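*Asks:* Protein chains in written order, with UniProt numbering: chain L, 12 to 59, 206 to 257, 263 to 394; chain W, 6 to 128, 133 to 340; chain Y, 35 to 239, 269 to 340; chain S, 11 to 62. Just passing along the structure, written as C-alpha cells.
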Amino acid sequence: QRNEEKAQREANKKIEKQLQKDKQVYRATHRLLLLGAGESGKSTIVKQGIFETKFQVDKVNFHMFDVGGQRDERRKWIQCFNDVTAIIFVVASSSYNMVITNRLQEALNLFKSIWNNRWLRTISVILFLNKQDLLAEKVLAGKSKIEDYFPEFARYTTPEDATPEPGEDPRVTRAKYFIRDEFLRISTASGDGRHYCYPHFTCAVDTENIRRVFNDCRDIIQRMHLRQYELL
Amino acid sequence: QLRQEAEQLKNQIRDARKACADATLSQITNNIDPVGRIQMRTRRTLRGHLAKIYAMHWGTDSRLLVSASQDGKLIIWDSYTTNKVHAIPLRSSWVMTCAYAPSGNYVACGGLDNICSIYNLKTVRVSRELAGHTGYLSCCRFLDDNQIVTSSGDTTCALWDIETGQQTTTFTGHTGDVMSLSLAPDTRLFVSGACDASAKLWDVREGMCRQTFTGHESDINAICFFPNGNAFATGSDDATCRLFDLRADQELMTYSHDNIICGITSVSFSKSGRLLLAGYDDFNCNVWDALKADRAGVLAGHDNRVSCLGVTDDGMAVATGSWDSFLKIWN
Amino acid sequence: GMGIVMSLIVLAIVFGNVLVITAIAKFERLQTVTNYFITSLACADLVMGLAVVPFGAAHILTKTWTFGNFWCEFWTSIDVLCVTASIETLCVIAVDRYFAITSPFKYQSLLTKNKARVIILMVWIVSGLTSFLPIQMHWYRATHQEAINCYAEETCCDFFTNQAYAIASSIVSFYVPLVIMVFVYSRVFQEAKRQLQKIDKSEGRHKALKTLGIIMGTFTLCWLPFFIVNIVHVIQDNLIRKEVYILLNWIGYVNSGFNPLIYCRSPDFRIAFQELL
Amino acid sequence: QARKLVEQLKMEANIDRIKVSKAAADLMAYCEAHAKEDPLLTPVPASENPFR
Ligand SMILES: CN[C@@H]1CCc2c(ccc(O)c2O)[C@H]1O
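Okay, here's the thing in C-alpha cells:
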C-alpha cells in the first residue's frame, strides 16, 4: 500500500504547485461588480446568466462581473460579492421624473440597501451618474421641474465648494449636485470609514471611465491599507 | 371567490394540524436521559482553497469529499491522508453548490451561471453542462449516476436526465428562491426550503407537492432530512432550527436560544438522529440534541462564517467548511 | 534596589514576546506577510530578554563576570546580534508598510510569504555577519593598555572597541535603518494627508500624526541617545563615562519590551490575547 | 393563477396524518435503537478510529 500512498503524495505535490501558480494569478487580478439598474445604462459602461468582462489598465488586471437578468427584488446572491475590490453602481440621473415611485428613488433605495448590508460592511461603491446630457436637456429646456418629484430640492442650494464644468449652466449644476448629495447622504450616514462612495458624473461619450475606475480602485486599496495601520 | 376558498382551506389545514397535537415532543422526551456534554476536536484541517467555501459533500465511502469555492476550483480531498486527489478548475468562478455521486464516478457543481456542470472523475472533463434554469443554482443532489436534482433561484426545482440533458420533470408552485435541498434515503421523496418561510415536500416520480410546512419566519438557508425518513430539520435566518415531521405535518421542536441571534447556514443529522449539528453566522457551529432541544456542544475552530456542514455516511466524522477557506473535520 | 527593576524588565520583555509569538503561532488567522516580520522581531526581542539582559544585570549587580572569557565574548556577540536584528526588522516592517501603501496594486506581487522568508533570513544573516564575525574573530579588539588589561583578565568584562568596528556597527545597526524608516514614514504620512484631503474634498459634510509619532518617538528616544554616545566615546576618549554608556544601553534595551505594545496592538491581536488569557 | 393554488391546497387538504405522540414515540425509538452505532454520540475507542 506504500506505492499507492507515494503516488497520491506525488499527485498532491503536483496539485499544490498548480494551486500556487493559480494563487499568484488570482491575487494578481481585481474583482469588480456592476450593479446598475436596467435603464441606467450598464450597456454603455460595459461597452468600454452572468456576464464577465476582463479589462486591464497599467498592467493591472480587472474583472468586472455584471449579473445578467435575475430580476428579483430580494438579492441573496449579493453575499457572494463580499471580496470584490469595489461595487460599480450605475444610476441614470436623468430619470428623476420617470415612474417605471420614481426611477431615481428606486435607485436610492437600492443604494441604501447595498450600503446597509451586513456582508457588504467593508466593500466600497463607485457611483456613476450616467446620462448627464439627457439630465441637462431635461433640466434646462424641460417644463417638468425636479422640485415636483423631489420636494427637498426647493430648500437646496448649490455648494459653495464645487467644480462646475467649463461650459455648463447654473441650474443644471444645481440639479447635478443635488442628485449627487442624495447618494452622498446615504454614503456618509452609515459607514464609519470602512467603505466610501466615489460619485462620478459620467456621460455616454466619456471614454475616461476606465481611468476613473482604476484611480478609484487605487484609492480604495490605499485607504484600506491606511486604515489597517491606523494612519487614517 | 377563489381567495375565500383558499383562506377556508388554509384554516381547515390549521385546524386539522391543531387536532393532531396530542402531546409536545418535549413532554414525551423529558423523561429520557440527556446526551450530556459533547466535546469534538479538529482531527484534520484541509488547506488549499484560496477564497471562501460554500458547499461540500461527503462521498459514499466516507473517505473522499468534494468542496467548492469562489476560486473556480472543485478540489476533491482524501480525508484520511489529507491529500488532494483531484483539483478541477471550473469555467465560472462563482459557484454555490457541489455534489458527489453515490457511485463516486461523477461530481456536479453550479452557481450564478445558472448552469449545472457534471464532471466525470473516472475516464476530469465536463461530462455534461445542464442548462434550463432561469436563476442561480443553490443545491444539487444525485439520485443515481443518470438522474440529478437541482434547486435554482427561479423558484423552481428540476429533475434532470444526465444522458439526455433535459428536465424530465419540473417542480413548480414555489414562491421563493430555493436555497437548500435534501433527499430521502429511499430517493422517493425530497424536500426544499426557499426564501419564503414555507418548506415543501415533493415526490420525485409524480412531480407534485405532497405537503407544505411554514413554521419558520425568515429565509430557509439550510435543510436536512432525518435518517429515519419521517422527519426533516430546517435552518433559517431567524436564529431558529425546527424539526418537522412528514406524518404529523407540523413541527415537533424548535432549536433556538436567546444568546444566539445569527442565522443558520447549514444543518445536518448524526447517524442515530440524536444530534442535530447546525452551522451559524456567529463564526462557529452548534451541536443540538434533536430530542430535547438542549445544546450539547460547540465547534469553535473556524475563523469566518460556516457555510457548509456534513456528516459521513458511516457517521464517524463531521466536516465543516467555512468562508476562511479552511475545511475542518471534527470527531 | 536595582535588582527589582531589572527583574521586572526581564519579566515584561519575556512575557510580551512569548505572548506575541504564541498568538502568531497558535492562530492561523494571524499568519500574514507582515506578521512574519512581526514574529522575527518578537524572536529577536525574546532572545534579548533571555540572554542579553539577565546576564548584563548579573554583571552590573555582581560587579564581576563569574563566567568564562568565551562566555563573555558570546554574551557580547549575542547582544550586538539581537540589537541589530531587532532594528533591521523594524526597518523591514517600515519598508513593507511603505510598499503596501504607496504601490497597492503591485504590493501583492512584491510581498510573498516565500519571499518574506528570504527577507527575514537575509536580515538575520546580515545581523550575524555584523555581530558574530568581528567579535568571535577578535577584530573588535582595541589597542590601548586599558583594553588589553580588561580583556586579558577573565574576571571583569567591559566593552572596548575599535573606531572602525564601532562606526561600522553603528551605521549597520541604527543609522541606515533610521534613514530608511524616516524616509518611508514621511512618505506614508504624505499619502495619509493626501487621502484625508481627498476625503474632505469629496465629503464636505491627527490619527496618522499620533501613530507615526509613537512609532518613531519610541524608537528614536530609545536608541538614538545610545548611538550618539557610542560614536562620541570613540571620537573623544574621555567624553563619555562608562556609567552613562551602560545606562543608555539599557534604555535602548527597554525598547524590546516596549515594542510589542506598539507593534502588536490591533483588534485581531487583542482578540487572540483575550482568547489565550 | 388562483385556481392552481386552490387545487394544490385541496390536494394537500386530505392526507391521513397520525398523532404527534405516535410520531414522537417512533423518533424516540429510532434514536434509542441506533444509539449504539453512533461514533459521534458515543466516542469510538481510540483503536480502529480512522482519523485518530
Ligand atoms: C555590550 N553592549 C553593546 C556594545 C556595542 C553595541 C551594542 C548594540 C548594538 C551595536 O551595534 C553595538 O555596536 C551594545 O549593546
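We put the CB at the ideal spot given by N, CA and C, even for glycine.
So the alpha helix (DSSP H) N14 of chain L belongs to, where does it begin and stop?
*Replies:* Along the first sequence, one-based indexing puts residue 14 of chain L at 3. Per DSSP, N14 of chain L belongs to the alpha helix (DSSP H) from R13 to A39.
*Asks:* Under 7 Å between the Cβ atoms of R137 of chain W and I123 of chain W?
*Replies:* Here residue 137 of chain W corresponds to residue number 128 of the second sequence, with the count starting at 1. Here residue 123 of chain W corresponds to residue number 118 of the second sequence, with the count starting at 1. Contact: yes.
*Asks:* Return the residue from the list Y:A78, Y:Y316 and Y:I277 that minimises the CA-CA distance to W286 of chain Y.
*Replies:* On the third sequence, position 223 is the one that residue 286 of chain Y refers to. Closest option to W286 of chain Y, Cα to Cα, is Y:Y316.
*Asks:* Check distances from the C-beta atoms of the stretch 56 to 71 of chain Y to those of chain W and list, in chain order, the residues that come in under 9 Å.
*Replies:* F61, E62 and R63
*Asks:* Would you say the beta carbon of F238 of chain L is closer than 6 Å to some non-hydrogen atom of ligand 1?
*Replies:* Counting from one through the first sequence, the residue named residue 238 of chain L turns up at place 81. It does not: the Cβ of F238 of chain L is nowhere closer than 6 Å to a heavy atom of ligand 1.
*Asks:* Cβ closer than 8 Å: which chain W residues qualify as neighbours of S31 of chain S?
*Replies:* Locating residue 31 of chain S in the fourth sequence gives position 21, where the first residue counts as 1. Those within 8 Å of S31 of chain S in chain W are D27, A28 and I33.
*Asks:* For the candidate residues W:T165, W:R197 and W:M61, whose alpha-carbon lies nearest to that of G185 of chain W?
*Replies:* Position 176 of the second sequence, counted from the first residue, corresponds to residue 185 of chain W. Nearest of W:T165, W:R197 and W:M61 to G185 of chain W, Cα basis: W:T165.
*Asks:* How should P49 of chain S be labelled, buried or exposed, when 16 other C-beta atoms within 10 angstroms of its C-beta is the threshold for buried?
*Replies:* Your numbering for residue 49 of chain S matches position 39 in the fourth sequence. Counting Cβ neighbours within 10 Å, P49 of chain S comes out buried, since at least 16 surround it.
*Asks:* When you measure from the CB of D113 of chain Y to every non-hydrogen atom of ligand 1, does any distance come out below 6 Å?
*Replies:* Translated into positions along the third sequence, residue 113 of chain Y becomes position 79. Proximity of the beta carbon of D113 of chain Y to ligand 1 is indicated: a heavy atom of the ligand is located closer than 6 Å.
*Asks:* Does any C-beta atom of chain S lie closer than 7 Å to the C-beta of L285 of chain W?
*Replies:* Reading the second sequence from its first residue, position 276 is the one you call residue 285 of chain W. Chain S, which has no Cβ nearer than 7 Å to the Cβ of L285 of chain W, makes this no.
*Asks:* Enumerate in chain order the residues of its own chain whose CB-to-CB distance from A12 of chain S is below 8 Å, with the five nearest sequence positions on each side excluded.
*Replies:* Within the fourth sequence, residue 12 of chain S is the residue found at index 2, counting from 1. Answer for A12 of chain S: no residue qualifies.
*Asks:* Considering only the beta carbon of each residue, do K53 of chain L and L45 of chain L sit closer than 7 Å?
*Replies:* Along the first sequence, one-based indexing puts residue 53 of chain L at 42. Along the first sequence, one-based indexing puts residue 45 of chain L at 34. Closer than 7 Å, so yes.
*Asks:* Against chain L, does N119 of chain W count as a neighbour if the rule is that its beta carbon must be under 7 Å from one of theirs?
*Replies:* Here residue 119 of chain W corresponds to residue number 114 of the second sequence, with the count starting at 1. For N119 of chain W, the answer is yes, since a Cβ of chain L falls inside 7 Å of its Cβ.
*Asks:* For ligand 1, is there a heavy atom less than 6 Å away from the beta-carbon of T110 of chain Y?
*Replies:* For the purposes of this step, residue 110 of chain Y is taken as residue 76 along the third sequence, with counting starting at 1. It does: the Cβ of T110 of chain Y is within 6 Å (strictly closer) of some heavy atom of ligand 1.
*Asks:* My output table needs one value for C190 of chain Y: the three-state DSSP class, helix, strand or coil.
*Replies:* In the third sequence, the residue the question calls residue 190 of chain Y occupies position 156. In this structure, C190 of chain Y counts as coil in the three-state DSSP scheme.
*Asks:* Residues of chain L with CB under 8 Å from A92 of chain W, in chain order?
*Replies:* Against the second sequence, residue 92 of chain W aligns to sequence position 87. Using a Cβ-Cβ cut-off of 8 Å, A92 of chain W is close to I26, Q29 and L30 of chain L, given in chain order.
*Asks:* Alpha carbon to alpha carbon, how far is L146 of chain W from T325 of chain L? Give it in angstroms, no decimals.
*Replies:* For the purposes of this step, residue 325 of chain L is taken as residue 163 along the first sequence, with counting starting at 1. For the purposes of this step, residue 146 of chain W is taken as residue 137 along the second sequence, with counting starting at 1. Their backbone Cα atoms lie some 47 Å apart in a straight line.
*Asks:* Please tell me whether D246 of chain W and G272 of chain W are closer than 7 Å, where the distance is taken between their beta carbons.
*Replies:* Residue numbering aside, residue 246 of chain W sits at position 237 when the second sequence is read from its first letter. Residue numbering aside, residue 272 of chain W sits at position 263 when the second sequence is read from its first letter. Yes, they are a contact pair.
*Asks:* Enumerate, from N- to C-terminal direction, the unbroken alpha helix (DSSP H) stretches of 4 or more residues contained entirely within the stretch 288 to 361 of chain L.
*Replies:* Complete alpha helix (DSSP H) runs here, min 4: 294 to 302, 308 to 311 and 332 to 352.
*Asks:* Output needed for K24 of chain L: all residues of its chain with C-beta closer than 8 Å, excluding positions within five of it in sequence on either side, in chain order.
*Replies:* As a working note, residue 24 of chain L is residue 13 in the first sequence. For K24 of chain L, same chain residues with a beta-carbon under 8 Å away, outside a window of 5 residues either side, do not exist.
*Asks:* Using 7 Å as the limit for Cβ to Cβ distance, is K127 of chain W near chain L?
*Replies:* To locate residue 127 of chain W, count along the second sequence from 1; it is residue 122. Any Cβ of chain L closer than 7 Å to the Cβ of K127 of chain W would place that residue at the interface, and such an atom is absent.
*Asks:* If the cut is a Cβ gap below 8 Å, which residues of chain S does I338 of chain W touch?
*Replies:* Within the second sequence, residue 338 of chain W is the residue found at index 329, counting from 1. Contact note: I338 of chain W reaches chain S through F61, using a C-beta cutoff of 8 Å and chain order.
*Asks:* Which of the three DSSP states, helix, strand or coil, is assigned to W169 of chain W?
*Replies:* Walking along the second sequence from the start, residue 169 of chain W turns up at place 160. Here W169 of chain W sits in strand by DSSP.
*Asks:* Considering only DSSP beta bridges, list what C237 of chain L is partnered with.
*Replies:* In the first sequence, residue 237 of chain L corresponds to position 80, counting from 1. Its beta-bridge partners do not exist; DSSP assigns none.
*Asks:* Could you tell me the boundaries of the alpha helix (DSSP H) in which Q267 of chain L lies?
*Replies:* Within the first sequence, residue 267 of chain L is the residue found at index 105, counting from 1. Element bounds for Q267 of chain L: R265 to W277.
*Asks:* Let me check understanding here. Comparing Cα to Cα, which of W:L285, W:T274, W:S275 and W:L255 lies closest to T263 of chain W?
*Replies:* Here residue 263 of chain W corresponds to residue number 254 of the second sequence, with the count starting at 1. It is W:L285 whose Cα lies nearest to the Cα of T263 of chain W.
*Asks:* What residues from the stretch 140 to 164 of chain Y come within 7 Å of chain L, judged by C-beta to C-beta, listed N to C?
*Replies:* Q142 and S143
*Asks:* Of all Cβ atoms in chain L, is any one closer than 7 Å to the Cβ of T118 of chain Y?
*Replies:* Here residue 118 of chain Y refers to the residue found at position 84 of the third sequence. Output row for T118 of chain Y: interface = no.
*Asks:* Could you check whether the Cβ of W234 of chain L sits closer than 7 Å to any Cβ belonging to chain W?
*Replies:* Stepping through the first sequence from its first residue, residue 234 of chain L is reached at position 77. Yes, because at least one Cβ of chain W sits closer than 7 Å to the Cβ of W234 of chain L.
*Asks:* Which of the three DSSP states is assigned to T243 of chain W in this structure?
*Replies:* What you label residue 243 of chain W is simply residue 234 of the second sequence in a count that begins at 1. Looking at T243 of chain W - three-state DSSP - the assignment turns out to be strand.
*Asks:* I'd like to confirm something about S207 of chain Y: is its beta-carbon nearer than 6 Å to some heavy atom of ligand 1, or not?
*Replies:* Numbered from 1 along the third sequence, position 173 holds the residue referred to as residue 207 of chain Y. The answer is yes for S207 of chain Y.
*Asks:* Looking at chain W, is there any beta carbon in it that lies within less than 7 Å of the beta carbon of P49 of chain S?
*Replies:* Within the fourth sequence, residue 49 of chain S is the residue found at index 39, counting from 1. At least one chain W Cβ lies under 7 Å of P49 of chain S.
*Asks:* With C-beta atoms as the reference, is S352 of chain L less than 7 Å away from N278 of chain L?
*Replies:* Taking the first sequence and counting its residues from 1, one reaches residue 352 of chain L at position 190. Taking the first sequence and counting its residues from 1, one reaches residue 278 of chain L at position 116. In this structure, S352 of chain L lies near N278 of chain L, with their beta-carbon atoms less than 7 Å apart.
*Asks:* Quick check on the DSSP output: the alpha helix (DSSP H) that includes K46 of chain S runs from which residue to which?
*Replies:* For the purposes of this step, residue 46 of chain S is taken as residue 36 along the fourth sequence, with counting starting at 1. Counting along the chain, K46 of chain S falls outside any alpha helix (DSSP H), and DSSP gives it neither H nor E.
*Asks:* Rank Y:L324, Y:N301 and Y:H296 by C-alpha distance to the C-alpha of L311 of chain Y and give the top, closest one.
*Replies:* Start at 1 with the first residue of the third sequence, and residue 311 of chain Y comes out as number 248. With distances taken between Cα atoms, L311 of chain Y lies closest to Y:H296.
*Asks:* State buried or exposed for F335 of chain W, treating a residue as buried only when at least 16 other CB atoms are found within 10 Å of its CB.
*Replies:* Start at 1 with the first residue of the second sequence, and residue 335 of chain W comes out as number 326. So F335 of chain W ends up on the buried side.
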